[PDB]
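Participant: In order, the protein sequences belong to chains A and B.
With the authors' numbering as the guide, the letters of the first sequence map in order to residues 1 to 30, 30A to 30F, 31 to 154, 157 to 213.
With the authors' numbering as the guide, the letters of the second sequence map in order to residues 1 to 52, 52A to 52E, 53 to 82, 82A, 83 to 100, 100A to 100E, 101 to 124, 132 to 210.
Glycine included, C-beta positions come from ideal geometry on N, C-alpha and C.
Mind looking over this structure? Questions follow.
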Amino acid sequence: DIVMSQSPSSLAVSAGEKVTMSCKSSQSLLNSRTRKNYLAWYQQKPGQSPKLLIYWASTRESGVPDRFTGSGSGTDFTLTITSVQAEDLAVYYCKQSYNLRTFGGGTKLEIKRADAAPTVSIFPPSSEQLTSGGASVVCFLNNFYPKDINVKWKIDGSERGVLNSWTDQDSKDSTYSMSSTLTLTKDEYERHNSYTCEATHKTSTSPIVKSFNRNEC
Amino acid sequence: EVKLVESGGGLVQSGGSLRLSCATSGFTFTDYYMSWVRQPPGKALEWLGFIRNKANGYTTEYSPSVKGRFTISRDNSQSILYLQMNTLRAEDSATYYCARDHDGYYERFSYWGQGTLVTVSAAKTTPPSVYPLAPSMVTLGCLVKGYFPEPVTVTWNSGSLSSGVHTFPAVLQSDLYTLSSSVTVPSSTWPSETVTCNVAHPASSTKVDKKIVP
Ligand SMILES: C=CCO[C@]1(C(=O)O)C[C@@H](O[C@]2(C(=O)O)C[C@@H](O[C@]3(C(=O)O)C[C@@H](O)[C@@H](O)[C@@H]([C@H](O)CO)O3)[C@@H](O)[C@@H]([C@H](O)CO)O2)[C@@H](O)[C@@H]([C@H](O)CO)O1
Ligand SMILES: [Zn+2]
Ligand SMILES: [Zn+2]
């Protein structure tokens, strides 16, 4: 086999700065007959298929921004992105085609940006869920940076069945969002009145508090 | 325009077989090698195999990881590529992509399909419950709860609302997936203008439109 290895595993860069990542092969990929390196680079944006960027080590495919440049030869290859843009958030894969094909393990490129506070929204259980015997309360914490965030649920003022999920970084504004869902039985839901989502994020020493009261529904 | 479209993914039991298809158009199919590549959720791409072009006798090659167990074939009359998978195991759960490959000259995979998700599991198919999430800018949502297998698709107003949407990755809890989706719109536009989430679960052929009512 030919072993393909990429570095770094991951990194974050601010818009406008340069990105360098590398790809090593266990064997030279330089074909002696054609005098080309059989090494290609693919970009996979979140939720998308991979897209060809560079092939033969340094040939930039038509339609690919000028800021992407492939270089290297033999066993060592480099993808350089100058003036990185928010939309360049992706996992980048190199792939040899010298002997069958083999992909590297990828480099995950994240985008660094200015800290941003979450916009927090809370939602009570729908009547169509309650009819069924369950009660989910949902809290969205949207468009914040950096990714680290704390969420606490309080029920009648006391801290408490939680599903947390983070989006991939946003391709436009480089923020993260998170959804937190508390699920109770209808029977337990109806024993209490106040339901509160509290978000603590580095952007404030004050937690952002969103609440509803069951009597107000 | 070159088009590659995979089909055939879904839920299958351990030890079972499944055959994927990849319909193509927009290029001279027989001129090209075609590859299959897979990606387990959150992991790296893995090349699986290829079938050569007409000039090379349409012969096949395979990664050691699947040689002897997966078979690639092609219909040169209709420009369709196939992957037959046998004795499936949990490790085979992944998104499967077809990619256009070598033409005798260029070294590149020029084009890739959207991928088809295969889930190898003993669990039964369970359709989602879909619940509306109602309360300058206003944020609304849909909770898509308790389904299996992945995937689901969520759009808002049949795809006309796309900016200001966050669809959260599904999370598995006690053998069922749940996800949610939020949409943020101007407060002057709701409930004056309608907001509806459109949810599909192909495994159970579920189609739901949920109006967000004040
Ligand atoms: C009717 C079948 C003809 O194929 C051969 C033969 O053995 O008779 C094989 C030729 O094979 C190559 C070659 O230069 O060795 C390789 C072919 O590419 C692939 C492969 O199919 O394994 C795939 C490429 O991505 C790359 O990995 C290469 C390697 O770099 C090795 O070269 O392998 C392909 O490039 C063919 C080309 O279509 C020939 O036109 O060449 C070669 O011996 C040909 C001969 O030129 C007559 O057609 O016959
Ligand atoms: Zn209680
Ligand atoms: Zn052969």
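Let me see if you follow: with CB-CB separation under 7 Å, is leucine 46/A close to chain B or not?
Facilitator: As a position in the first sequence, residue 46/A is number 52, starting the count at 1. With 7 Å as the cut-off, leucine 46/A counts as an interface residue toward chain B.
Participant: Less than 6 Å between C-beta atoms, sequence neighbours within five positions excluded: which residues of the same chain meet that for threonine 66/B?
Facilitator: Locating residue 66/B in the second sequence gives position 71, where the first residue counts as 1. Cβ within range, chain order: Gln79.
Participant: Quick check on the burial criterion: 16 or more other C-beta atoms within 10 angstroms. Buried or exposed for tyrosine 99/B?
Facilitator: As a position in the second sequence, residue 99/B is number 105, starting the count at 1. When all chains shown are included, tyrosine 99/B counts as exposed.
Participant: What residues are listed by DSSP as bridge partners for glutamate 153/A?
Facilitator: By one-based count along the first sequence, residue 153/A stands at place 159. Its beta-bridge partners are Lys148/A.
Participant: From the beta carbon of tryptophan 147/A, is the nearest beta carbon of chain B less than 7 Å away?
Facilitator: For the purposes of this step, residue 147/A is taken as residue 153 along the first sequence, with counting starting at 1. No, because no Cβ of chain B sits closer than 7 Å to the Cβ of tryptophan 147/A.
Participant: For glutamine 103/B and chain A, any beta-carbon pair shorter than 7 Å?
Facilitator: Your numbering for residue 103/B matches position 114 in the second sequence. It does; some Cβ of chain A falls within 7 Å.
Participant: Would you kindly report the start and end of the unbroken beta strand (DSSP E) that includes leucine 136/B?
Facilitator: Counting from 1 along the second sequence, the entry for residue 136/B is found at position 140. Note, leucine 136/B: beta strand (DSSP E), 133-143.
Participant: Does the distance from the C-beta atom of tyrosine 90/B to that of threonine 114/B stay below 7 Å?
Facilitator: Numbered from its first residue, the second sequence carries residue 90/B at position 96. Numbered from its first residue, the second sequence carries residue 114/B at position 125. Contact flag unset, no.
Participant: At a cut-off of 6 Å, would you count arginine 210/A as near ligand 2, judging by its Cβ distance to the nearest heavy atom?
Facilitator: What you label residue 210/A is simply residue 214 of the first sequence in a count that begins at 1. No - ligand 2 has no heavy atom lying nearer than 6 Å to the Cβ of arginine 210/A.
Participant: Taking C-alpha atoms, which residue in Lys18/A, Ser121/A, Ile2/A lies nearest to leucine 29/A?
Facilitator: Within the first sequence, the letter at position 29 stands for residue 29/A. Ranking the options by Cα distance to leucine 29/A, first place goes to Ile2/A.
Participant: For the stretch 156-170 of chain B, list every residue whose C-beta sits within 7 Å of some C-beta in chain A, in sequence order.
Facilitator: So the list reads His162, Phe164, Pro165, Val167, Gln169, given in the order they occur along the chain.
Participant: How about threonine 54/B: is its Cβ closer than 6 Å to a heavy atom in ligand 3?
Facilitator: Taking the second sequence and counting its residues from 1, the one referred to as residue 54/B is at position 59. Because some heavy atom of ligand 3 lies under 6 Å away, the Cβ of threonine 54/B counts as near it: yes.
Participant: Can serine 58/B and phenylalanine 50/B be called in contact, C-beta distance under 7 Å?
Facilitator: Your numbering for residue 58/B matches position 63 in the second sequence. Your numbering for residue 50/B matches position 50 in the second sequence. No, the pair does not count as a contact, with Cβ atoms beyond the cut-off.
Participant: Are there 16 or more other CB atoms within 10 angstroms of the CB of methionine 174/A, so buried, or fewer, so exposed?
Facilitator: For the purposes of this step, residue 174/A is taken as residue 178 along the first sequence, with counting starting at 1. Its Cβ being crowded by 16 or more others within 10 Å, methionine 174/A is buried.
Participant: Mind checking whether the beta-carbon of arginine 187/A lies closer than 6 Å to any heavy atom of ligand 2?
Facilitator: Indexing the first sequence from 1 puts residue 187/A at position 191. Checking every heavy atom of ligand 2 against the Cβ of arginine 187/A, one is found closer than 6 Å.
Participant: Give the DSSP-derived three-state secondary structure of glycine 155/B in the structure shown.
Facilitator: Numbered from 1 along the second sequence, position 159 holds the residue referred to as residue 155/B. Of the three classes helix, strand and coil, the one that applies to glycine 155/B here is helix, per DSSP.
Participant: Express the C-alpha separation of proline 147/B and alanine 199/B in angstroms, rounding to a whole number.
Facilitator: If you number the second sequence from 1, residue 199/B lands on position 203. If you number the second sequence from 1, residue 147/B lands on position 151. Taking the straight line joining both Cα atoms gives about 8 Å.
Participant: Check each candidate in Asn153/B, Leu20/B, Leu136/B and name the one with the smallest Cα separation from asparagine 81/B.
Facilitator: Working through the second sequence from its first residue, we reach residue 81/B at position 86. Taking only the C-alpha atoms, the option nearest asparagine 81/B is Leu20/B.
Participant: In whole angstroms, give me the CA-to-CA distance for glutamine 79/A and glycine 16/A.
Facilitator: Mapped onto the first sequence, residue 79/A falls at position 85. Mapped onto the first sequence, residue 16/A falls at position 16. Looking at the two C-alpha atoms, the distance is approximately 6 Å.
Participant: Give the DSSP-derived three-state secondary structure of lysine 52B/B in the structure shown.
Facilitator: Taking the second sequence and counting its residues from 1, the one referred to as residue 52B/B is at position 54. Helix at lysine 52B/B.
Participant: Output needed for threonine 135/B: all residues of its chain with C-beta closer than 6 Å, excluding positions within five of it in sequence on either side, in chain order.
Facilitator: The residue labelled residue 135/B in the question sits at position 139 within the second sequence. Here the set comprises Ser178, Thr180.
Participant: Whose C-beta lies closer than 6 Å to the C-beta of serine 26/A among residues of the same chain, with five residues either side of it excluded?
Facilitator: Translated into the one-based positions of the first sequence, residue 26/A becomes position 26. The answer, listed in chain order, is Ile2, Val3.
Participant: Examine chain B for any beta-carbon lying closer than 7 Å to the beta-carbon of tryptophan 50/A, and answer yes or no.
Facilitator: Here residue 50/A refers to the residue found at position 56 when the first sequence is read from its first residue. Judged by the 7 Å Cβ criterion, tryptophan 50/A is in contact with chain B.
Participant: With a threshold of 6 Å (Cβ to nearest heavy atom), would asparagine 52D/B be considered close to ligand 1?
Facilitator: Along the second sequence, read from residue 1 onward, the residue named residue 52D/B stands at position 56. At least one heavy atom of ligand 1 is nearer than 6 Å to the Cβ of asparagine 52D/B, so yes.
Participant: When every heavy atom of ligand 1 is checked, does at least one fall within less than 6 Å of the C-beta of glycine 49/B?
Facilitator: Along the second sequence, read from residue 1 onward, the residue named residue 49/B stands at position 49. False, no ligand heavy atom lies under 6 Å from that Cβ.
Participant: Could you check what DSSP says for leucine 178/A in three-state terms: helix, strand or coil?
Facilitator: Translated into positions along the first sequence, residue 178/A becomes position 182. It is a strand residue.
Participant: Comparing C-alpha positions only, which one of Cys138/B, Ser60/B, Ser184/B sits nearest to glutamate 122/A?
Facilitator: For this step, residue 122/A is matched to residue 128 along the first sequence. Among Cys138/B, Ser60/B, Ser184/B, the Cα nearest to that of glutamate 122/A belongs to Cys138/B.
Participant: Rounding to the nearest angstrom, what Cα-Cα distance links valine 12/B and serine 110/B in this structure?
Facilitator: Counting from one through the second sequence, the residue named residue 12/B turns up at place 12. Counting from one through the second sequence, the residue named residue 110/B turns up at place 121. The alpha-carbon atoms of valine 12/B and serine 110/B are separated by roughly 6 Å.
Participant: When you compare the CB positions of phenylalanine 164/B and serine 161/A, do they come within less than 7 Å of one another, or not?
Facilitator: Reading the second sequence from its first residue, position 168 is the one you call residue 164/B. Reading the first sequence from its first residue, position 165 is the one you call residue 161/A. Against a cut-off of 7 Å, the Cβ pair of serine 161/A and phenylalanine 164/B comes out as a contact.
Participant: For ligand 1, is there any heavy atom lying closer than 6 Å to the beta carbon of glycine 98/B?
Facilitator: For the purposes of this step, residue 98/B is taken as residue 104 along the second sequence, with counting starting at 1. It does: the Cβ of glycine 98/B is within 6 Å (strictly closer) of some heavy atom of ligand 1.
Participant: Just to confirm, does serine 22/A get its C-beta within under 6 Å of one of the non-hydrogen atoms of ligand 1?
Facilitator: For this step, residue 22/A is matched to residue 22 along the first sequence. Incorrect: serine 22/A has no Cβ contact closer than 6 Å to ligand 1.
Participant: Starting from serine 67/A, trace the beta strand (DSSP E) both ways and give me its first and last residue.
Facilitator: For the purposes of this step, residue 67/A is taken as residue 73 along the first sequence, with counting starting at 1. That run of the beta strand (DSSP E) goes 62-67.
Participant: Report yes or no: do the stretch 195-208 of chain A and the stretch 136-151 of chain A share at least 3 C-beta pairs separated by less than 8 Å?
Facilitator: As far as the Cβ criterion goes, the stretch 195-208 of chain A touches the stretch 136-151 of chain A, which means the pair count is three or higher.
Participant: Tell me the DSSP bridge mates of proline 182/B?
Facilitator: Looking up residue 182/B in the second sequence gives position 186. BP columns for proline 182/B point to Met133/B.
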